[PDB]
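Read the single chain below, which is given as structure tokens and is the form deposited in one PDB entry.
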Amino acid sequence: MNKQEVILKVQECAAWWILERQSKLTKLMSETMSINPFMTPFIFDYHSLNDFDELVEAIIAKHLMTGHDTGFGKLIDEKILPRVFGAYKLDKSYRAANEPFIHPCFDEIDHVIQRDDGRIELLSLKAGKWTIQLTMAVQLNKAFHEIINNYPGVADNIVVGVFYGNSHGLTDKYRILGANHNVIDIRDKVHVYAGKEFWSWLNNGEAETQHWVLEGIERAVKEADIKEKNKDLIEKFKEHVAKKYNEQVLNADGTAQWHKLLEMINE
């Protein structure tokens, strides 16, 4: 849509998301963080950690950073696509009301978008590089054919949107779902757009769309004002998690008794 309508609606959605990320730093949240007591010696050496505090610090950073990925994934998928653009999500609730999407053939369809001029496109939204190999491509071809064959008049075409990175090295593999091997030809009904081209596609021709998304996300983060305050909050989150163990796990020099950690986590 307009630069400003995209920027502000994204910023709206990403501001929220930023609050949830901030919300994972509470004392109560710390109780949910998991330590695999079998992996601890390996992590301690592979990352050259000096004590238990630094190990806790390291696992927490992964805990948080992984959640950011997972939550951003949900933001893009459930909020940004449907609320900002018109790409409506196929969660179980929506599949029931919207006519025969319920059927398991549509498992791999994440989103429907109906254009101004009547055209409908089904979108299998994916993340990052996502480098699928012959075997997963053959089955994804057979899956898109069964949609186009059994329910032609519900969608004009299917799309596999990859919302970041590129298909510089993965062109041969998408070039099929197309000369050779087990797969029905659907060249003109199934396209793979990645990065800038996914966002251009989603937003019907506006090539700068990806940049308006970034910008909207930049504005939410500036407003949220978290750079100065989070340094303390995250340190506190380590204190909360570490107090759980310190009494029984620590030696006096600050190192961990791995087996005491194990004993305590596994019992």
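Residue numbers here begin at 1 and follow the sequence given. What we label the rigid core is the largest C-alpha set whose atoms superpose within 1.5 Å from one form to the other.
Per the record, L177 and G178 are separated by 4 to 9 deposited residues that are missing from the model. Look at the mean CA B-factor for 72-80 and for 139-147 in the entry; the higher one is 139-147.
Of the two segments, 197-205 and 43-51, the one listed with the higher mean B-factor is 197-205 (C-alpha atoms only).
Quick note: we don't show the form deposited in another entry, though the next part is all about it.
Among the residues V162, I113, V159, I186, the single one whose Cα moves by at least 2 Å between this form and the one not shown, once the core is superposed, is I186. In the core-superposed comparison between this form and the one not shown, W130 has its Cα shifted by at least 2 Å. Core-superposed comparison between this form and the one not shown: the Cα of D69 travels less than 2 Å. Once the cores line up, the CA of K244 ends up 2 angstroms or more apart between this form and the one not shown. In that other deposited form, the CA atoms of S23 and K27 draw together by 3 angstroms or more relative to this form. In that other deposited form, the CA atoms of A61 and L28 come closer by at least 3 angstroms compared with the shown structure.
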